[PDB]
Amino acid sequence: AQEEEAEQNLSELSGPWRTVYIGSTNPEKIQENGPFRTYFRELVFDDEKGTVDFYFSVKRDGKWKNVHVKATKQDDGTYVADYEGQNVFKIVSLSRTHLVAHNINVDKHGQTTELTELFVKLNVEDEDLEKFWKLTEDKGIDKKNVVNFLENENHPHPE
């Protein structure tokens, strides 16, 4: 018998995530205009379908692009996805606030690049949201006069 099945419940970790660091065996991939110079926005984990949806932004040819990638889990425990080639992604460390991952990418020219990354989650607690809504109500502010800055197209550019 090899290893045994892993009880996986990551649905909980879905939400807004941000890129902290990304390292690469090939600097070109993460330098300005590189395909893996990715600013994460959101991650959605589905435990039933065994997938992870990645939502991030990348600058290409002087233009900003919003990308959506779907990764599928394997018996291996790793995830596979198509993006600037084929990718095999492993979650090395994971908690309610951080994710440390390792990714192997093989581009259309058979070139292999290994990347490491650290992402952090932007956690918004129910207790704090309640405090905000009560205060907002106390000041007579209408719900329609509240702006969501976490999920909004019009935002600053990191570069």
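Note that residue numbering follows the sequence shown and begins at 1. By rigid core we mean the largest C-alpha set that fits within 1.5 Å across both forms.
Asks: Say the other structures are aligned on the rigid core; which stretch then has the higher CA RMS in 4 other deposited structures of this protein, 6-14 or 21-29?
Replies: Of 6-14 and 21-29, the stretch deviating more in 4 other deposited structures of this protein is 6-14.
Asks: 110-118 versus 47-55: which one carries the higher mean Cα B factor per the record?
Replies: Comparing averages over the C-alpha atoms only gives 47-55.
Asks: Mean C-alpha B-factor higher for 37-45, or for 64-72?
Replies: Higher mean C-alpha B-factor in the PDB entry: 64-72.
Asks: Taking the Cα B-factors listed in the entry, which of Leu150, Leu135, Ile22, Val146 comes out highest?
Replies: That would be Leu150.
Asks: Would you mind checking where the Cα B-factor of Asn103 ranks among the modelled residues of its chain, as the lowest, middle or highest third?
Replies: Lowest third.
Asks: Could you tell me which third, lowest, middle or highest, the C-alpha B-factor of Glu127 occupies within its chain?
Replies: Middle third by C-alpha B-factor.
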